[PDB]
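> no sequence on this one, just coordinates:
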RNA sequence: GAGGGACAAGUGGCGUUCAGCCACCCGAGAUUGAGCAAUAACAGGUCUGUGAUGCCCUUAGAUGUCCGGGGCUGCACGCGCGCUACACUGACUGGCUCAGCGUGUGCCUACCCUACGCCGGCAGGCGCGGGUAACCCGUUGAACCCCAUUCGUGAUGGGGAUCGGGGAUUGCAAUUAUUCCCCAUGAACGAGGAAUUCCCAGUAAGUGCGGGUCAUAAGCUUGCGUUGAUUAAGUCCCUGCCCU
Ligand SMILES: [Mg+2]
Ligand SMILES: [Mg+2]
Ligand SMILES: [Mg+2]
Ligand SMILES: [Mg+2]
Ligand SMILES: [Mg+2]
Ligand SMILES: [Mg+2]
Ligand SMILES: [Mg+2]
Ligand SMILES: [Mg+2]
Ligand SMILES: [Mg+2]
């Protein structure tokens, strides 16, 4: 009877401020599950992976690099700490700023090779919105990992810092750093 | 009083089991079921080659040991009468009183 | 330097030395029914709204 | 014998940086003065920002927890989560 | 008035004996509140937190699992509860409400009523795993 | 109300049961465990000084769970990952002198009954003791 | 992956050539009719032949 | 709450310099003391393990050094010591930092007079327990 | 044990009547993994698998066959398959909690699996019991994982290489190699250039167990379980191959 909620949350009124990322972020009411640790079978069909919730996708991309490859309980615990840290940092709900960080995590277009079998020039073309979501989550988890590499700060603390500094354009996060590193090359090869 | 029927293959096992059922269920004996044992498998892995050339290509030989048990509480004279069966040679019979 | 949005109508085919780009004749929302063909890499369906950074280009092949 | 390596990346973060084992008088007094000013009381921020080790940081945070100035939200394996009321 | 429903996770089988009562969940003598991972103390409560309390206090279910892994036992308990409610609503309560609660369970999650055919493949004689091979040696 | 040790979380139960065994004085510790005794095959000693009471409480919980375990059975109940260093790890077994020590101590303090087929099992006195201690730990939980 | 063998298609063509009134548009009936009017050892071959027989029935009945 | 005690750098057995992280892990810095022996000496000295090296009494330091130089008066049986029966004296003892290298030099000095191949492989650039030295032992 | 159950079948679109592709439901599965595997070769390897063998050599001071040793391991270097780490998503301690293949004795000729109780800190010893096996180890109480403590970015408590002393196990004997346990010595290693290997879902990877070797016996390999992703479902550019 009650509303579906992650922890003590609501999971409601999280509105995407723009278009081109709706129906691929599963923040809506028909994909609100209590824990990210679900039966992941979203790799048989080509386009069933977009129905995965983005918090589950963040856990799945967070678990990497052999020594942490697996351990969904551990990475769901890390995201459980991280949403709490984002909430204690001035409110400004962690699901809402997670969607905002996925929107503002960098690449709206990328440069790749074209055919003709000649000089490799790497002409900048458009990019899939699914690939935008994928590269967004990958850059956020990579930046959180290398920010929490060799420090007293935790994976969850640096992931919260990365999501806040990616939702806010303060030019201090790895998402904005690789946004510079990719969009300057894209405007150069335009 | 139990009898263990252990055969080489499941087809002759089921044939001699059906013959035992057809020869036992007409008398005044409360015949217990042919209790199915789990199938035993002896897995042997073989290099396939006398000398070391090529990829690691391995033979995997297996058997399927099938075992059945039946229970017939009776005097010992009835068990010797039931035991005399023109039987398939791939079937082994043990008795235990 | 404006930034426009565009939703996919049809998918033509795949292009590249790897075959990785996809020729998509997308459509134009903010203006009248104009038609260009762009190259999108990654998985894409029909009906996908997409952020464009330049609408003056037209990559065509025969 | 000889010493050879394929990568050349020297010049690390800060020159074998020290960190205080035991709290001082005026330093820990300043810590007690400015400790309500922080919004999120986490042992990593208290350790790295205020030149404290993790052991003395956890000891001071548990001491102020027993004093009652800082409220505990949810403690766990390594992410100890504290908050000041209002 | 007692129905036993079975498990069917990957290598986890949960015997769920359901019977009319006042509200009890037994997992090898240990109640519902004690879940062996502390992280998964919302996923196994998804039949509890969604379906209501008048159903929990109406149906007693005791569960015994002889599974293989912790996650497998958690999903085996979850699937055994979600199928034991369907079996009790077949055997005691009418189909006019059984179809409604089954539509609720299916529109929530397919894995509550549908078992998943995923088992680990055989390790091959060439490489160290099912698909992986060993490293080559060229010049 | 009826309180079972499965109804109560163990992580409060053993932490209180160590103190309630310190109150009774149900511990024998002859010479080597007075001095020092290490883990399974490890480098360091246990930290919290009441670890003998903790081993006795874990032994009491395991004999409440399974009736018929013994020295090697409880040794495999402890279980060990043997980090050999460069050579990879294996399953190593725990110690046997503590496994006979805790059983002999609880036998002398009337908490282990002998099974004619196996080993330890629960006494009615130990049943009453563990049930009252589980009830007061459940009272501290609900309070 | 329904690119089934010439022996399967030729057996189904012999079935639709000899016996047409016995066959219908239902797979569960045509599979049983084929096991009375032919001898097929393999159950997957039964299903394959009966599926192509139903496809031929849907082609013939329409056009 | 122990604000400050004027004790940072210690001098034990004329060569060793104690650290500042702990006491049970600053005794580790003494040669002849590794992992378990320091925690044994701490439990014989009955010091609370939370205490540092600088927060500890100098009389208790002298007591710890007394337990170091003579452990066999109270406890710590004959197996836990480093220098076992092969002494040329049969004295069960624990080596010092200045003593350990001297006993190793006496070991090697008498092995060179024995002319065992163990001492010969130690005198050459080889390994005693080096069962394979093809790739092992380069540079 | 048998039988059933899945066939692109029902719908719509893409297609020449078409062969066929795409989206959904019912379903447990919209198809999983292996074995066998065409004509024909490589002048690929095995005479060191055979009492399968042609030719050549030796045959009584023997290239035959026994006995005692050493050797195959021997290192100024280069290469391949692998194991462990370079930590805080971590190491230490304590508590908690879950498996599945398969193996095990008096053998066609010498032999185990192990419960219990006691002693010993430990590896181990002693007495007794069960199992020719869904019966006994064994409701394989496994590791990983979960909770709490300690450490706090230090070549640190990560790494445990090298090396010294002692104690037990099998063997007739382990020393210029066993193996395991206890203490101690505490190196490089700060995530690795040029290049290169494997992989599309219970899949890679983390992690442990069983067998083969054996008397003591894995870091090899074969199979099994636990946790368990990010990316593709496309092409002929790099490489290899097939067909005209
Ligand atoms: Mg040496
Ligand atoms: Mg060599
Ligand atoms: Mg051929
Ligand atoms: Mg012959
Ligand atoms: Mg190697
Ligand atoms: Mg190794
Ligand atoms: Mg033998
Ligand atoms: Mg050595
Ligand atoms: Mg052998």
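Done, it's in. Numbering: from 1, shown residues only, chains lettered A, B, ... in the order given. Ligands and ions are numbered 1, 2, ... in the order given.
> contacts, neighbours, all on C-alpha from now
Noted.
> Buried residues of the helix or strand containing residue H:98, list them for me.
Residue H:98 belongs to helix H:97-114 when assigned by DSSP states H and E. Buried residues in helix H:97-114, counted by 16 or more other C-alpha atoms under 10 Å in any protein chain shown: H:97, H:100, H:108, H:111-112.
> looking at the chain, which residue lies furthest from center?
All of this refers to chain A. Of all residues in chain A, residue A:118 has its C-alpha farthest from the mean position, at 36.2 Å, by C-alpha atoms, centre = their mean.
> oops, I was thinking of chain F
Outermost residue of chain F (C-alpha atoms, centre = their mean): residue F:86, 32.8 Å.
> That one and chain A, how far apart?
17 Å (C-alpha to the nearest C-alpha, to the nearest Å).
> Ok, residue H:7 next?
In terms of C-alpha to the nearest C-alpha, residue H:7 sits 27 Å off from chain A.
> Repeat that for residue H:22.
From residue H:22 over to chain A (counting by C-alpha to the nearest C-alpha), the distance is 19 Å.
> what's the closest non-adjacent residue to the spatially most central residue of chain A?
For chain A, residue A:137 is the residue whose C-alpha lies nearest the centre (C-alpha atoms, centre = their mean; 2.9 Å). Once flanking residues are discounted, residue A:137 sits nearest to residue A:58: 6.2 Å by C-alpha to C-alpha, 6 or more residues apart in numbering or on different chains.
> if I've got this straight, that neighbour is in a strand?
No: in this structure, residue A:58 is helix, not part of a strand, as judged by DSSP: H, G, I helix; E, B strand; the rest coil.
> That one contacts residue A:139, doesn't it?
No: in this structure, residue A:58 is not within contact of residue A:139 by C-alpha atoms under 8 Å, at 10.7 Å.
> Residue B:4 falls within a strand, correct?
Yes: assessed by three-state DSSP, residue B:4 belongs to a strand.
> What about it, how many residues nearby?
Other residues within reach of residue B:4, judged by other C-alpha atoms under 10 Å in any protein chain shown, total 17.
> which residues in chain B form helices?
B:10-24, B:76-83 (DSSP state H).
> Number of residues surrounding residue A:70?
Neighbours of residue A:70 using other C-alpha under 10 Å come to 15.
> who's in contact with the residue of chain A found nearest chain F?
Per C-alpha to the nearest C-alpha, residue A:67 is where chain A lies closest to chain F, at 15.3 Å. Listed by C-alpha atoms under 8 Å, 6 or more residues apart in numbering or on different chains, residue A:67 has no contact partners.
> So it: helix, strand or coil?
Going by three-state DSSP, the state assigned to residue A:67 is coil.
> Not counting sequence-adjacent ones, nearest residue to the residue in chain B positioned nearest to chain E?
As assessed by C-alpha to the nearest C-alpha, chain E sits closest to residue B:56 within chain B, at 5.6 Å. In space, and not counting its chain neighbours, residue B:56 is closest to residue E:126: 5.6 Å by C-alpha to C-alpha, 6+ apart.
> That neighbour and residue E:138: what is the separation?
Going from residue E:126 to residue E:138 by C-alpha to C-alpha, to the nearest Å gives 18 Å.
> residues of stretch A:162-171 that come out buried?
Of all the residues in stretch A:162-171, those buried under the rule 16+ other C-alpha under 10 Å are A:162-168.
> Inside helices: which ones of these?
A:162-167.
> before we move on, the earlier item: please identify the most buried of the helices of chain B.
helix B:10-24 (a mean of 15; mean count of other C-alpha atoms under 10 Å in any protein chain shown).
> Residue in chain D with the shortest distance to chain H?
For chain D, C-alpha to the nearest C-alpha, closest residue to chain H: residue D:1, 5.1 Å.
> Contact partners for that residue?
So residue D:1 contacts residue H:139 (C-alpha under 8 Å, 6+ apart).
> Doesn't it lie inside a helix?
No: Residue D:1: not assigned to a helix; according to three-state DSSP it is coil.
> quick one: the closest residue to residue A:52 other than its chain neighbours from chain D, how far?
Closest residue to residue A:52 apart from its sequence neighbours, by C-alpha to C-alpha, 6+ apart: residue A:26 at 6.4 Å. Taking C-alpha to the nearest C-alpha as the measure, residue A:26 falls 28 Å from chain D.
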